[PDB]
């Protein structure tokens, strides 16, 4: 159901929780790919690879970059590609009205996953480039960890709202 355009009620909250689980799992896949990319970059920066091995590491690394972009574009809730605000059509925020909470609204914010990950990365075409990729990969791993933390926290918050669960944090926030 809606109330002045805004989405309300238990089933709507469940839908949003489903979007959050989808987003977290997709960002989890992206994080695991970034870890594999970090391993490849570390190997390639090492100094010790010939022409063929340099090429094979670079090929796999670039394939993994493309896989991140694929996941970023394909992930959706009901056709909304919320991990890619640069898509056509762009991912958009999802608004969720909380129940018995004085009209509080949660926004699942759509993000630019590519900008946080592949937009900052290049390739392993040479040893020197591979070395500088490592730092960039560590940065991207941390950014993705924050984005997943956001979705995880929002999921907990919706779970408490939908399931009428009160915790220490609820009791603390009651006065405000």
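Positions refer to the first chain, counted from 1.
Comparing 6-14 with 163-171, the stretch with the higher mean C-alpha B-factor in the PDB entry is 163-171.
Stretches 61-69 and 25-33 differ in mean CA B factor, with 61-69 having the higher one. For the set 107, 132, 139, 49, the PDB entry assigns the largest Cα B-factor to 49. Note on the listed residues 39, 112, 53, 147: the highest Cα temperature factor in the record is that of 53.
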